[PDB]
Amino acid sequence: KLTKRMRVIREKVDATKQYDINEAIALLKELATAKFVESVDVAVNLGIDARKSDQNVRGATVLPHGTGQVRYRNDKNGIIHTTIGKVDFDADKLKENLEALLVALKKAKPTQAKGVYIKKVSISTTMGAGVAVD
RNA sequence: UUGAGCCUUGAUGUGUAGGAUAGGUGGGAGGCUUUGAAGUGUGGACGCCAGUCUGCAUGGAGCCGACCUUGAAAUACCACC
């Protein structure tokens, strides 16, 4: 279950703490500490009834340095999440892609949908923790 | 004593693919691993009783998912769950 590596990375930072977005882009480098090149994803929990097709969320936004583009679509449960780029990019380069996807996520709220949009959104890498960001 | 709600988290569901009791989206060719390891074993749990899960030493440092066969994943792993 628990290995020699996930003791460090899952607990080097506190995933239960809501970090700032400006702090998050530098702390994901610790979460992306690996031999290969990972990809950081923003995980947004949306409680829509995705079986009702009128509440579906779908779109894509722009990346300023290619890959290139980023595409997002929800599952059949309602949780919608996608990447923002590679982790070899600079923290200020992942600054640009994170808010552009986030604002377009706020733009695509359905008319009949209700409730609070963001609860515990997390920057999730390929193998790092789901660090709580706001 | 007995209901209801909360958390870092252990497990959780063969028609048919197939080694396998896959519920999905998200990620990439790396994890697991000399931070004590594969397979056995059993207290206990285990089902649609085809067969599996939790703790470890005597054991002793090895095991895996591409593609392909599939309506689709074939947990090595992480994350939302």
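Residues numbered from 1 in each chain as written, not as in the entry; some residues may be left out. Chains lettered and ligands numbered in written order. Part of a larger assembly, values for the part shown. Heavy atoms only, no water.

Looking at the PDB entry, chain A carries the name Large ribosomal subunit protein uL1, with the source organism given as Escherichia coli. This entry carries the title "Structure of the HrpA-bound E. coli disome, Class I". Recorded in UniProt under Subunit, the annotation for chain A is "Part of the 50S ribosomal subunit. Cross-links to the P and E site tRNAs." UniProt annotates chain A under Sequence similarities with the comment "Belongs to the universal ribosomal protein uL1 family." (UniProt positions renumbered as here; feature names shortened; annotations may be inferred.)

Thoughts on the protein's contact with RNA strand B
Taken together, 24 residues lie near RNA strand B, and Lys 4, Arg 10, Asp 41, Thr 126 and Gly 128 sit nearest. Backbone sugar and phosphate groups make up 76% of those atoms of RNA strand B lying within 4 Å of the protein. Within the backbone of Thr 126, an N or O atom sits 2.3 Å from a base nitrogen of RNA strand B. Here a sugar or linking oxygen of RNA strand B and a backbone polar atom of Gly 128 are 2.4 Å apart. Residues belonging to the surface near RNA strand B are distributed by class as follows: six nonpolar, nine polar and nine charged. (Near = heavy atom within 4 Å. Polar contact = N/O pair within 3.5 Å; in protein donor to acceptor, adjacent residues only side chain to side chain. Nonpolar A, V, L, I, M, F, W, Y, C, P; charged D, E, K, R; others polar.)

Brief notes about the environment of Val 103
By secondary structure assignment, the location of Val 103 is in helix α3 (residues 91-107). Of the residues examined, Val 103 reaches a relative accessible area of 48% and is grouped as partly exposed. Spatially, the C-alpha atoms of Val 103 and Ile 123 are 16 Å apart, while their sequence positions differ by 20 residues. (Helix = DSSP H or I, 4+ residues; strand = E, 2+ residues; numbered from the N terminus. Buried < 20%, exposed > 50% of the residue type's maximum accessible area, 1.4 Å probe, protein only.)

Considering the sheet that holds strand β5 (residues 122-124)
Read across the open sheet, the four strands follow the order β4-β1-β5-β6; overall the sheet is antiparallel. Each edge of the sheet is formed by a strand with only one pairing partner; in this case those strands are β4 (80-86) and β6 (130-132). Averaged over all pairs of adjacent strands, the angle between strand axes in this sheet comes to 25°, irrespective of strand direction. Of the strand pairs in this sheet, strand β1 (residues 39-44) and β4 are connected by six bridges, and their pairing is antiparallel. (Pairing = 2+ DSSP bridges. Axes fitted to C-alpha atoms, helices over the stretch in contact; angles between N-to-C directions.)

A look at the nonpolar core
Counting 32 residues, the largest nonpolar core has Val 40, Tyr 72, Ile 84, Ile 123 and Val 131 as its most contacted members. Of all elements in the fold, only α2 (21-31), β1, β3 (69-73), β4 and α3 reach the threshold of two or more residues within this core. For this core, the leading source of residues is α3, giving six residues. Setting aside chain neighbours within four positions, we find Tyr 72 in contact with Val 57, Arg 58, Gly 59, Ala 60, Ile 80, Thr 82, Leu 101, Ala 104, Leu 105 and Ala 108. (Core = buried A, V, L, I, M, F, W, Y, C linked by side-chain atoms within 4.5 Å. Contact = heavy atoms within 4.5 Å.)

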